[PDB]
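2 protein chains.
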Amino acid sequence: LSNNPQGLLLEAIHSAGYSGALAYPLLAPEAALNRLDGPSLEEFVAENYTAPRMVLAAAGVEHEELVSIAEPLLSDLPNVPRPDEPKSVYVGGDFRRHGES
Amino acid sequence: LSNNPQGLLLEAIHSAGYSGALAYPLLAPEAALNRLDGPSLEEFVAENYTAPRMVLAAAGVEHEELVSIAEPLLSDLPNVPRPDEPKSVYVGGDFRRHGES
């Protein structure tokens with residue numbers, strides 16, 4: 204990872220200067236990587252990948268064709284109440300990490 | 204070295220609070236470890252191991268025989284005067300190092 208300090212510093216700024224939601228890291232630290240698992244992914248997907256939060260966007264496709272091929276594949280998903288988005292406050296200070304010379 | 208967090212914290216206090224002579228690390232960081240050489244050590248010793256900085260202490264040794272044995276082996280060193288004491292100034296400081304634990 205250290206080969207690109209820009210991405211590392213963006214992640215560091217987000218983690219430092221946000222508290223919960225935006226502070227959740229994006230590159231999966233080693234402890235999280237060890238803890239992660241297939242059933243955990245299954246549960247996460249099944250809980251979050253729901254119909255009221257899915258957009259299928261085409262760039263060079265006729266709309267009639269796209270909808271006629273996509274409705275028999277997505278119309279039977281369960282209708283969920285779209286649970287609310289997380290909160291995050293900005294107050295945040297300094298992150299400092301020492302590496303190469 | 205990470206298995207002894209107490210010594211690490213003490214060294215971190217010294218490094219992050221002092222500035223200069225007392226902030227110089229005691230445990231040879233990676234780059235300096237790579238760079239050190241036999242001639243470097245030899246020059247350091249030759250410049251810093253002078254007579255006004257030699258104390259031969261003995262615990263249960265008679266003074267007469269001790270001096271009779273240690274006079275020929277030490278009286279011929281050059282009389283280099285003491286250099287100026289390495290001055291350091293104390294400031295505040297915050298050190299913070301994430302890790303697995």
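Quick mapping for you: the protein sequence lines, in order, are chains N and B. So the authors' numbering is basically just the index in the first sequence, starting at one, shifted up by 203. So the authors' numbering is basically just the index in the second sequence, starting at one, shifted up by 203. Backbone N, C-alpha and C fix where the C-beta goes; we use that ideal spot for every residue, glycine too.
1. How about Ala234(N): is its C-beta nearer than 8 Å to some C-beta of chain B?
2. Kindly provide the ranges of any alpha helix (DSSP H) runs that are 4 or more residues long and lie completely inside the stretch 263-290 of chain N, ordered along the chain.
3. Give me, in chain order, the residues of the same chain whose beta-carbon lies closer than 8 Å to that of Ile216(N); leave out the 5 immediate sequence neighbours on both sides.
4. Looking at the unbroken alpha helix (DSSP H) that takes in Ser243(B), where does it start and where does it end?
5. Determine the direct distance from the alpha carbon of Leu211(N) to that of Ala226(N), and round the result to whole angstroms.
6. When you compare only the Cα positions, how much space is there between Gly302(N) and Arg300(B)?
7. To the nearest angstrom, how far is it from the Cα of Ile272(B) to the Cα of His266(B)?
8. What does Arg299(B) touch in chain N if you count any residue whose Cβ is under 8 Å from its own?
9. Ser222(N) touches chain B at which residues, Cβ-Cβ below 7 Å?
10. Quick check on DSSP: helix, strand or coil for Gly296(B)?
11. Step through the CB atoms of chain B and report whether any lies within less than 8 Å of the CB of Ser205(N).
12. Taking the alpha carbon of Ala231(B) as the reference point, which residue from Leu204(B), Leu280(B), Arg285(B) has its own alpha carbon closest?
Based on what the coordinates show:
1. yes
2. 266-277
3. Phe298
4. 241-251
5. 14 Å
6. 11 Å
7. 10 Å
8. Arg299
9. Correct list: empty, because the minimum Cβ distance to chain B is about 17 Å.
10. coil
11. no
12. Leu204(B)
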